[PDB]
Amino acid sequence: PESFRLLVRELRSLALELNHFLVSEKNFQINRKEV
Amino acid sequence: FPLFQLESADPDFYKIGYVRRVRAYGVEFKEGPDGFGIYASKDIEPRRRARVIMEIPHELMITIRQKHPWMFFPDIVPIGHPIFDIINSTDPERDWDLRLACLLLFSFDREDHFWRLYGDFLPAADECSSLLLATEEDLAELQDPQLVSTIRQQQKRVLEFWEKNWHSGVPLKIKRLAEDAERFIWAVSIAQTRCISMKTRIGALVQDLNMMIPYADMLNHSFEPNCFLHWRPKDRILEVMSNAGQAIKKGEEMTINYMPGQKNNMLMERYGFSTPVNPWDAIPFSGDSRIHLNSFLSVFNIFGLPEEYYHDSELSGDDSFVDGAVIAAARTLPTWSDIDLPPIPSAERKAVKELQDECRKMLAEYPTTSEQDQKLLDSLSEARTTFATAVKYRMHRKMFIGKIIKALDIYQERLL
Amino acid sequence: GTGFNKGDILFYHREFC
Amino acid sequence: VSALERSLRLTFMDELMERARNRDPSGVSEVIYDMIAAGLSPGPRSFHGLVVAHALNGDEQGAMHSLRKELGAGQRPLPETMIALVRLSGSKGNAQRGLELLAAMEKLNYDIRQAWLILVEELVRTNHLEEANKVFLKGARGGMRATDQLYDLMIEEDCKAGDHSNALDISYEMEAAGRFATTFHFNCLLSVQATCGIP
Amino acid sequence: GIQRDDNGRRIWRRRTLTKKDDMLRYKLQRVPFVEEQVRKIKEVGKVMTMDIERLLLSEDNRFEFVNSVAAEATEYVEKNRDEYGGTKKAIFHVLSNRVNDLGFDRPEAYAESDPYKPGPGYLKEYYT
Amino acid sequence: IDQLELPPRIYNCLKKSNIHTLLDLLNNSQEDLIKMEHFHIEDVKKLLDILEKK
Ligand SMILES: Nc1ncnc2c1ncn2[C@@H]1O[C@H](CSCC[C@H](N)C(=O)O)[C@@H](O)[C@H]1O
């Protein structure tokens, strides 16, 4: 979503990273969402 | 051109429920010499889901908790009434029928209670088939000492409860409920033959109940029912639902399974009736001779696991022979099985012959046959309801043993 | 709400006749 | 059927079934040709003895060939005959053949629930757990309800092998069928969840 | 209990009310002048409102009922795309199907039309 | 029905019940006509025969 993608970039301007991870309930593999 | 081309029950039977929100859909209540029944008034077409056949509001029922403490839903017994003390003095496990009988007799005494009206459509003392009403001569026609002793204990337990709680010193509001022992015995008979036990949710409280449900206690029993009961918690309505996808023809009787997995002696002890096609009836064999379980099941197209045996009626076409008795035969016959080892035909014939001899030895224990019992029923003119019930019971067991001899004969030949 | 809790043998083997 | 025909069939089928139980597919073939010489037509139960004899000697190709003979003779295989072939396919790990035979039983209008249960236990027993999961899920998603013993078998074996994805899929289908998971099934999933590093 | 007289026909006691129910007289009656009201109830779509409440009495959770209806509606559109979106709405089709599954009878997707429309081009105009 | 040779008693019953044409009479069954007053079972055969002869 554009509201959240734009938020990530503004936080990056302050040297903070905001990563969204999905943990699969089946095989427990962590996926980094493209934000 | 259109110009050139079992009696119905009392109309007031449905009306007294109907004015109190009882709804019946596509069925009619019909009365015969053997009693009331529910029949499809039209062709009930199959649907994707179970169809609603009847809706019975909760307020028209008499229910009590199966487990202690005894609470009544709806609560009709006033606080401090002596009837609760009588209900509270019962054995929690065995005396559920006494508790329901006390509630039933109490309900008949209430002016506003629905069962004051509905009680007039209950079978009378000489019309109820419960063995609690059977005389010693009626029990003599059972030809089953185990069942006879069970009934005598039931009659003794019911009578002693009345004598203890309806003695001379009790209040008039108690005396007028069961003035005589036969009145209380009749109430217990109604309780046993008509009680429906279900798990219900009422509001937020989930509990097991013993229920007296009007218009649903008119459904007869079948081990292959076309209907089932479903409690609808949100509006407190008991639903009678026909099986999903099952087409029901006009005039077909609507039935439920009273007692899954129960033998005829259990059906006789509780409901005072038996069926010749009970798929759970058992016969005591020695086990010396055994037939091949897999072959017997496949010869008669009996599929499924042992606890869910059913007849694939579409794989036989017109073989009317296979019914619940043959399924019962599969479960009760001595059988062997070795995964996929085939049976030798000559060794299976010896077993079939020996099993048939043992079947005839048991038929020879009965003084009469199943045909002679059938014509005895037709010749009756002044027989008690329980006497005819006792004769039907022993005839059904004879018909079951005779079906086994026929099934074994077919199986032995179809193994070639 | 509605988001709660994640929202051929027997062929070619016939009788020759 | 005359009395003479019945007498001959009994002694022909006595010999045939005594060689199927003897694990002698060759002898069971000789009797069938004896029946043909006498003019008797081999029925479904004569070809059942031929299938069983091959099946008992772990012979998948001969048993499949025997089934082709039965279909080619115009006879209808018995439900037990298909179950012998299905159980044999599972013992060799041939899930594709086991599924092909289950499709035939449906085409023959039989009841495949019991044969499907047998196929899954054979694959599990013969260490083909990966194939067993594929067959089990297809039946479970197809609407068939497995036995409670087989449900407890599939969940436990998957969790012992570290296969949480299959064990969670099955337990979801077990509850959809109408069998609610208990402490035992949850303890199986937890045995794998506790080692993933995410508490 | 069992009684046969002379000719073998069983004779039996027919069960009757043999008692007075005052609810029978004053409850099996009918009002005669609701034709206009009934016709407007169908026109405004109030019938489906009662059907929705009927279906929700058989549901433990109304949020799973909403999800299931939407799931069934999605399947209808994929199966037959062109039949929905105009006079037949997929969600209305699901609801009428589920009422018919109970054994009751409703028109398909609650769709009804004006029979007194004076030909093509004419739109019924609403009196606010 | 005026053009069928019905007896006057039968004609008055059909007109009283607003049965005017031949098609209206046909769509009526044999039980409905008995429900009409003064029209009985003995009148069905003679009415059917007239329609049988027609
Ligand atoms: N399948 C069956 N065969 C014979 N009697 C049956 C039966 N199913 C039910 N009944 C009878 O119906 C009773 C249960 S109450 C069911 C309706 C009953 N006829 C009545 O008038 O209220 C039992 O006592 C039994 O006598």
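A note on names: the letters A, B, ... follow the listed sequences, proteins ahead of strands, and every chain is numbered from 1.
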Exercise. Under the side-chain hydrogen bond (donor to acceptor under 3.5 Å, both in side chains) criterion, do B:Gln356 and B:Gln412 qualify, and how do the steps go?
Worked result: CA-CA 11 Å; B:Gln356 275 175 334; B:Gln412 178 191 259; 5.7 Å; no
For this session: Begin from the C-alpha positions of B:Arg157 and B:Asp95 and carry the test salt bridge (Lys or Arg N to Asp or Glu O under 4.0 Å) through to its verdict.
Result: CA-CA 9 Å; B:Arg157 172 181 63 101; B:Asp95 291 355; 2.9 Å; yes
Exercise. D:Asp111 and B:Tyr310: side-chain hydrogen bond (donor to acceptor under 3.5 Å, both in side chains), yes or no, with the steps?
Worked result: CA-CA 11 Å; D:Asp111 189 67; B:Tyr310 75 106; 3.2 Å; yes
Problem set entry | Intermediate values then yes/no, salt bridge (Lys or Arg N to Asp or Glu O under 4.0 Å), B:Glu253 and B:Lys30 | CA-CA 10 Å; B:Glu253 197 179 23; B:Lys30 310 187 83 56; over 6 Å; no
For this session: Show the numbers, then the answer: is there a salt bridge (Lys or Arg N to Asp or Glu O under 4.0 Å) between B:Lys392 and B:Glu141?
Result: CA-CA 9 Å; B:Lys392 289 162 176 296; B:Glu141 318 290 320; over 6 Å; no
Problem set entry | Derivation of the salt bridge (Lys or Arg N to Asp or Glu O under 4.0 Å) call for B:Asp208 and B:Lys67 | CA-CA 7 Å; B:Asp208 300 317; B:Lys67 289 155 57 176; 5.2 Å; no
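Residues B:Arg397 and B:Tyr366 bring a donor and an acceptor atom of their side chains to less than 3.5 Å of each other. Side chains of B:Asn226 and B:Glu252: a donor on one and an acceptor on the other come within 3.5 Å. In this model, a donor atom of one side chain and an acceptor atom of the other lie less than 3.5 Å apart for B:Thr386 and B:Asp138. Side-chain atoms of B:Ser337 and B:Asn294 form a donor-acceptor pair, as typed in the model, at a separation below 3.5 Å. The closest side-chain donor-acceptor pair between B:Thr368 and B:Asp373 falls under 3.5 angstrom.
Side-chain atoms of E:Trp12 and E:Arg14, non-hydrogen and from C-beta on, do get closer than 4.5 Å to each other. At a threshold of 4.5 Å between non-hydrogen side-chain atoms, the residues B:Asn265 and B:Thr150 do not count as touching. Under the 4.5 Å side-chain criterion, counting only non-hydrogen atoms from C-beta, B:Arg236 is in contact with B:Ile202. Side-chain contact check for B:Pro214 versus B:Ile56: some heavy-atom pair is nearer than 4.5 Å. For the pair B:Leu238 and B:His58, the minimum side-chain heavy-atom distance is 4.5 Å or more. Inter-residue side-chain proximity for B:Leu6 and B:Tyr39 is flagged as met; some heavy-atom pair is nearer than 4.5 Å.
Ionic pairing of D:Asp148 and D:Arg179 is present here: one or more N-O contacts between side-chain nitrogen and carboxylate oxygen are shorter than 4.0 angstrom. The pair B:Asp281-B:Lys263 does not meet the salt-bridge criterion, since no charged nitrogen lies less than 4.0 angstrom from a carboxylate oxygen.
Other residues, nucleotides and ligands contribute over 12 non-hydrogen atoms within 6.0 Å of the NZ atom of B:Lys175. Other residues, nucleotides and ligands place more than 12 heavy atoms under 6.0 Å from the CD atom of B:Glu163. Other residues, nucleotides and ligands contribute over 12 non-hydrogen atoms within 6.0 Å of the CD atom of B:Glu7. Other residues, nucleotides and ligands contribute only 12 or fewer heavy atoms inside 6.0 Å of the CE atom of B:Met71.
At least one donor-acceptor pair under 3.5 Å links the side chain of B:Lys250 to the backbone N or O of B:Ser41. Checking side-chain atoms of E:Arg4 against main-chain N and O of B:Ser379 turns up no donor-acceptor pair under 3.5 Å. Of the possible polar contacts, one joining the B:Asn301 side chain to the B:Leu315 backbone as a donor-acceptor pair under 3.5 Å is found. A donor-acceptor distance shorter than 3.5 angstrom exists from the side chain of B:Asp180 to the backbone of B:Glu182, with no hydrogens or angles considered. In this structure, B:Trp166 contributes its side chain and B:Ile174 its backbone to a donor-acceptor pair below 3.5 Å. B:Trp231 places no side-chain N or O within 3.5 Å of a backbone atom of B:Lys199 that could act as its donor or acceptor partner. Put simply, the side chain of B:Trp115 never gets that close to the backbone of B:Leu105: no donor and acceptor are under 3.5 Å apart. In this structure, the side chain of B:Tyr14 does not engage the main chain of B:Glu28 through any donor-acceptor pair within 3.5 Å. With hydrogens and angles ignored, the 3.5 Å screen pairs a side-chain donor or acceptor of B:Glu31 with a backbone N or O of E:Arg15. Proximity of a side-chain donor or acceptor of B:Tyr118 to a complementary backbone N or O of B:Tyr215 within less than 3.5 Å is detected.
One finds the CD1 atom of B:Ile76 at 3.5 Å from the OG atom of B:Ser107 (value rounded to the nearest 0.5 Å). Considering CZ of D:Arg113 and CZ of B:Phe303, their distance stands at 14.0 Å, rounded to 0.5 Å. Residue B:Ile327 holds its CD1 atom at 9.5 Å from CG of B:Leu297, rounded to the nearest 0.5 Å. Put simply, CG on B:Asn210 and CD1 on B:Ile62 are 12.5 Å apart, with the number rounded to the nearest 0.5 Å. Taking CG of B:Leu132 as the reference point, atom CD of B:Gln155 lies at 6.0 Å (rounded to 0.5 Å). E:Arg10 contributes atom CZ, which lies 10.0 Å from atom CG of B:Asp378 (distance to the nearest 0.5 angstrom).
Residues B:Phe36 and B:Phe29 place their aromatic rings such that the two centres sit no closer than 6.0 Å. For an aromatic pair to be called close, the ring centres must be under 6.0 Å apart, and B:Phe273 with B:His221 satisfies this.
Taking the ring centre of B:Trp280 as origin, the terminal cationic atom of B:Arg331 falls inside the region bounded by 6.0 Å and 45° from the ring axis. For the pair B:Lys403 and B:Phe321, the distance from NZ or CZ to the six-membered ring centre is under 6.0 Å and the angle to the ring normal is within 45 degrees. By the 6.0 Å and 45° rule, B:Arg94 does not stack over the aromatic ring of B:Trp96.
Checked options B:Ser274, B:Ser129, B:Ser130; the residue passing with B:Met268 is B:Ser274 (criterion: side-chain contact (heavy atoms from CB on, under 4.5 Å)). Checked options B:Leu355, B:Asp409, B:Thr332; the residue passing with B:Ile404 is B:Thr332 (criterion: side-chain contact (heavy atoms from CB on, under 4.5 Å)).
Sorted by first and then second residue, the salt bridge (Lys or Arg N to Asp or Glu O under 4.0 Å) pairs involving residues 220-232 of chain B (not counting sequence neighbours) are B:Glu55-B:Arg232, B:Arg232-B:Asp235, B:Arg232-B:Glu239.
Using cut-offs of 30° and 60° on the angle between ring planes, the pair B:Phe106 and B:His81 is perpendicular.
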